[PDB]
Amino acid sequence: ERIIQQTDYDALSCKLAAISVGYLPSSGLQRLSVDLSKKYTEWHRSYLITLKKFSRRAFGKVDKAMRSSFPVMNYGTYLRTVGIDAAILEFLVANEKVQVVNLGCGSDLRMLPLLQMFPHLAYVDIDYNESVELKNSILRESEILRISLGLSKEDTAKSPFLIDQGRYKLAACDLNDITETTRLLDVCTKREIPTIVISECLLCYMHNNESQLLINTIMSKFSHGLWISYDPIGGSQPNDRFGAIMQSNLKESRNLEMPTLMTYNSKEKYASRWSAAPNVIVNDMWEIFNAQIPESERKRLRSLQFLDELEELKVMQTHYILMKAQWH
């Protein structure tokens, strides 16, 4: 589906709007160095310029949405990035040899600083065939993105991989098909190696059958893992129409569906999908803003932009969550 692939252009507009204002990179929570903080800004800026070369339509939707970004949505992107990063970095410090499988990766460039910071970290980007062909073109075209991953300018990878360079792999795969998913994972991951499965904004666009079989198969595949899943919820409180308005606004404007939004309308119901795992934590993004983000970080974001409506940030961010299912 071309419309589901175009949701990544909204996710890239958020990431480039946060970096352009200053929200990211947060060098403390993401644990970036002085050089890698400069590289985080320079890799994302070079991804936007290279996206212009390969697409006028995709650059037009990313550029217009980025510059029309409000302070409230920049707070939602900050908590979204440093929340998933805090869960990744805790697992990568305790476990030296780790392999990551970013399901529904899109235009995510967190693997660039992560591979640098951890010498024994493998990584595996996975998206639709059309999406990963655009990401392969952008990484191989830009000179600075070429140096980060050790890529050539030409398409030199073979068979199931568009990129196959040492400790990073890019691959095409429909995740709604479980036969295609397990065939790819057999040739790019191992059972015994500790794992971090990232499903950032992926499982919301899938039906309940395709998403539940993806959770049960991947957890049963590895002996030791950690599933950091970010997604929206419809809201549990009565007269809370956040979920019914979101399904009606996506269907009318863009012809997009979030099938299991109302089904998993709370953070408890969302976390019950990973009930097979023994240790399951779950907190909405407003709870992560008040408990996980330090006082030094909140003062820094206040210096960037005027967040006039803090209650409007609470209403939005309570309808997003960060789940962490660990098993062994």
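When you see a residue number, it is the position in the sequence shown, counting from 1. Rigid core here is just the name for the largest C-alpha set that superposes within 1.5 Å across the two forms.
- Using the rigid core as the fitting frame, the root mean square C-alpha deviation in 5 other deposited structures of this protein is greater for 154-162 than for the other of 154-162 and 88-96.
- In this crystal structure, the stretch out of 130-138 and 94-102 whose C-alpha atoms carry the higher mean B factor is 94-102.
- Look at the C-alpha B-factors of 47-55 and of 61-69. On average they run higher in 61-69.
- Sorting 116, 253, 181, 74 by the CA temperature factor given in the entry leaves 253 at the top.
- Out of 154, 200, 108, 177, it is 154 whose C-alpha atom has the highest B-factor in the PDB entry.
- Compared with the other modelled residues of the chain, the Cα B-factor recorded for residue 123 ranks in the lowest third.
- When the CA B factors of the chain's modelled residues are split into thirds, the value for residue 4 lands in the highest one.
- Remark: residue 281 belongs to the highest third of its chain, ranked by C-alpha B-factor as recorded.
- In the PDB entry, residue 166 places in the highest third of its chain by CA B-factor.
- Looking at the C-alpha B-factors along this chain, the one for residue 287 belongs to the middle third.
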